[PDB]
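*Asks:* Before I ask anything, here is the structure I am working with.
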Number of protein chains: 4
Amino acid sequence: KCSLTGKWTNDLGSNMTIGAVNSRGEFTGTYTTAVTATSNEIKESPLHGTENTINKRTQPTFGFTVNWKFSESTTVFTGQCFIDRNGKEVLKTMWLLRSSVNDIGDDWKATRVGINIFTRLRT
Amino acid sequence: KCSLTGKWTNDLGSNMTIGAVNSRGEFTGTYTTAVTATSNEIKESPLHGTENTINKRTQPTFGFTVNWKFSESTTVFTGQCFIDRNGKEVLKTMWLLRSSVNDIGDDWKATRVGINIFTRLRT
Amino acid sequence: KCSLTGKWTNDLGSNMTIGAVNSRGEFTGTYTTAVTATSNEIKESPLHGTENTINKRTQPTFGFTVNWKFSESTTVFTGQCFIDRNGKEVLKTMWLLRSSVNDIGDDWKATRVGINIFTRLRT
Amino acid sequence: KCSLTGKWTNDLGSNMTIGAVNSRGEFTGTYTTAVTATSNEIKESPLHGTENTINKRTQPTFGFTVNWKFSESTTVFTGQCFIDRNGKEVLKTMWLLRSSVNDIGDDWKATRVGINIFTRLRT
Ligand SMILES: *[C@@H]1O[C@H](CO)[C@@H](O)[C@H](O)[C@H]1NC(C)=O
Ligand SMILES: *[C@@H]1O[C@H](CO)[C@@H](O)[C@H](O)[C@H]1NC(C)=O
Ligand SMILES: *[C@@H]1O[C@H](CO)[C@@H](O)[C@H](O)[C@H]1NC(C)=O
Ligand SMILES: *[C@@H]1O[C@H](CO)[C@@H](O)[C@H](O)[C@H]1NC(C)=O
């Protein structure tokens, strides 16, 4: 039921468009983040994901990576596609944002965490 | 300088292998984990990732998603590839391991978080 | 403006109650969780916390530790107390829920991470 | 066996001194962090914790909060006290660092995560 394929929106108002999945559960798409942590003109950026195939079909877990075209960072999302009842799909995801640092010494503070809620876009 | 391409081993005995790396930053690979949260014999699994090429640094950040073959769960990693003083490449990484719940009421207890340091296996 | 002192409820039906608040920032309280990762009847548990008073902001950050009475685990929370537009105080919070492993080889799989938004219960 | 009480050190070289625990498993102590995320003269700061009492004695989980006297943030640690074999104690902890933001709007990026290893101090 729960199909990643399509267009979704967030609670911060971010939007994401996701291609078609495969036998291997692969997919690609694009991301437009509403917010940034960098002082630097936001752009549409790419994602590469995967969606689990094993028997838990109905509501699968998944995860993608986003390659900021406008910053030196990377973000990764992972979560589950749910169907409340209505037949309303919801992505419940949690993500990790890695920033660039110049010496391993700094590594310690390069990782931020948090959530995101996605539901789909009309029309 | 620091590249994803190759065989790597991490502090827990897990090994993975990367390869591709478009001019995009995309790469696929396989990952063989030493460990698990599940009670099913481990099987090589595939991974999909990306490398940041913005302001082409000698230590880019990255991130990948491991689509577990033996489980219904998913793991995502992000980090940086640094060039340590020894002259050695080190992957400092962090992750979320998302597993499946049967109901969206149990979401809150589905995501684990941890660290991993990768090193080159090849001699 | 925003103070920890009181009864609060969060998006999962859990309630807690704070009280103290030295000139230090220390406070104790009790917490009654609606939810659990364990299979043992829940019992009110105590908490110990602190409030930042550096550059006495109207929205200080804080953090507390809930010493579960019904479990062998521990939870820690941190966040900020904000004054929302409505004029309402909101506790935006994030947590780690650490549980016990019998062997240090299983460490890597012991810590969960999540979010919680607290609101005032009192009328 | 594993007693929080005493003086410990970190992998980043941070030191911490921990008072005596109670029946309620409480404790207090002081922290000297080797590193900071703020441009602001490091100081010895206080912690308030708790250490679980329920039957899992030998190696207990625990958690403390640190009230930076020199910044607007808070950090929280939670983890387990281990005894490899030697009779060497090790704290394996993971922590959450909350920074101050000026509008709930920003909340999204105020949380950093990571680890820390503690072993004790001679003499
Ligand atoms: C997301 O899509 C909606 C649909 O109309 C649009 O109004 C909004 O501006 C988009 N926002 C971003 C940040 O892409
Ligand atoms: C890593 O590679 C070695 C070498 O063959 C293998 O024995 C080990 O099982 C691999 N690690 C795991 C646990 O998959
Ligand atoms: C929160 O308070 C209410 C009111 O008595 C109570 O019924 C509820 O159980 C408390 N929540 C939990 C699950 O502890
Ligand atoms: C920690 O304690 C050791 C013990 O001699 C000392 O040399 C070191 O400077 C201390 N470091 C900090 C950051 O407190």
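So basically every Cβ, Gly included, is an ideal-geometry build from the backbone, and we count neighbours across all protein chains shown. Values in this text are rule-based calculations from the coordinates and carry no lab data.
*Asks:* Of the residues that sit in region D:1-12 and are part of a loop (DSSP other than H, G, I, E, B) and of a type outside the set (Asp, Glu), which one is farthest from ligand 3 (Cβ to nearest atom)?
*Replies:* If we take residues in region D:1-12 being part of a loop (DSSP other than H, G, I, E, B) and of a type outside the set (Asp, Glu), then D:12 is farthest from ligand 3 (Cβ to nearest atom).
*Asks:* Take residue A:86 and tell me if it is without any contact (Cβ under 8 Å) to a residue 60 or more places away in the chain, closer than 24 Å to residue B:108 by Cβ, more than 9 Å from every other protein chain (Cβ to nearest Cβ) and polar (S, T, N, Q).
*Replies:* Judged against the criteria, residue A:86 is a match.
*Asks:* Can you tell me which of B:94, B:16 is farther than 22 Å from residue A:113 by Cβ and of a type in the set (A, V, I, L, M)?
*Replies:* Of the residues listed, the single one that is farther than 22 Å from residue A:113 by Cβ and of a type in the set (A, V, I, L, M) is B:16.
*Asks:* Shifting gears a bit: If you go through region B:27-76 one residue at a time, how many are of a type in the set (D, E, K, R) and under 14 Å from residue A:75 (Cα atoms)?
*Replies:* 1
*Asks:* Please tell me if residue C:22 is among the polar types (S, T, N, Q), in contact with a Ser or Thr (Cβ under 7 Å, 6 or more places away or on another chain) and more than 16 Å from ligand 2 (Cβ to nearest atom).
*Replies:* No.
*Asks:* Return the residues of region D:60-83 that are under 19 Å from residue A:108 (Cβ atoms) and touching a helix residue (DSSP H, G or I) at 6+ places or on another chain (Cβ under 9 Å); say none if nothing qualifies.
*Replies:* Scanning region D:60-83 gives a single hit, D:79.
*Asks:* Follow-up. Sort through A:76, A:101 and tell me the only one that's part of a strand (DSSP E or B), aliphatic (A, V, I, L, M) and either over 17 Å from residue B:49 (Cβ atoms) or at the interface with another protein chain (Cβ under 10 Å from one of its Cβ atoms) (or both).
*Replies:* Testing whether each residue is part of a strand (DSSP E or B), aliphatic (A, V, I, L, M) and either over 17 Å from residue B:49 (Cβ atoms) or at the interface with another protein chain (Cβ under 10 Å from one of its Cβ atoms) (or both) leaves just A:76.
*Asks:* If I ask for residues that are among the β-branched types (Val, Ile, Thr) and either touching a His at 6+ places or on another chain (Cβ under 6 Å) or farther than 19 Å from residue A:27 by Cα (or both), which ones from region A:68-101 would you list?
*Replies:* A:83, A:101
*Asks:* Now for a different question. Among B:29, B:19, B:25, B:87, which is the only one that is over 23 Å from residue A:48 (Cβ atoms), away from ligand 4 (no atom under 16 Å from the Cβ) and of a type in the set (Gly, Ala, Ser)?
*Replies:* Just one listed residue meets the conditions, B:87.
*Asks:* Looking at region D:104-118, which of its residues are more than 10 Å from chain C (Cβ to nearest Cβ) and outside any strand (DSSP E or B)?
*Replies:* D:109
*Asks:* Any chance region B:79-91 includes a residue that's away from ligand 1 (no atom under 16 Å from the Cβ) and closer than 20 Å to residue A:62 by Cα?
*Replies:* Yes, because at least one residue in region B:79-91 is away from ligand 1 (no atom under 16 Å from the Cβ) and closer than 20 Å to residue A:62 by Cα.
*Asks:* Considering every residue within region D:71-88, establish whether at least one is buried (at least 23 other Cβ atoms within 10 Å of the Cβ) and of a type in the set (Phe, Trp, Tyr).
*Replies:* Among the residues of region D:71-88, at least one is buried (at least 23 other Cβ atoms within 10 Å of the Cβ) and of a type in the set (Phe, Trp, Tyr), which makes the answer yes.
*Asks:* Right, something else. State all residues of region A:13-71 that are in a strand (DSSP E or B), facing chain B (nearest Cβ under 7 Å) and either of a type in the set (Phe, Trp, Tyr) or free of Cβ contacts under 8 Å to residues at least 40 places away in the same chain (or both); if no residue qualifies, say none.
*Replies:* Scanning region A:13-71 gives A:48, A:50, A:61, A:62, A:63, A:64, A:65, A:67.
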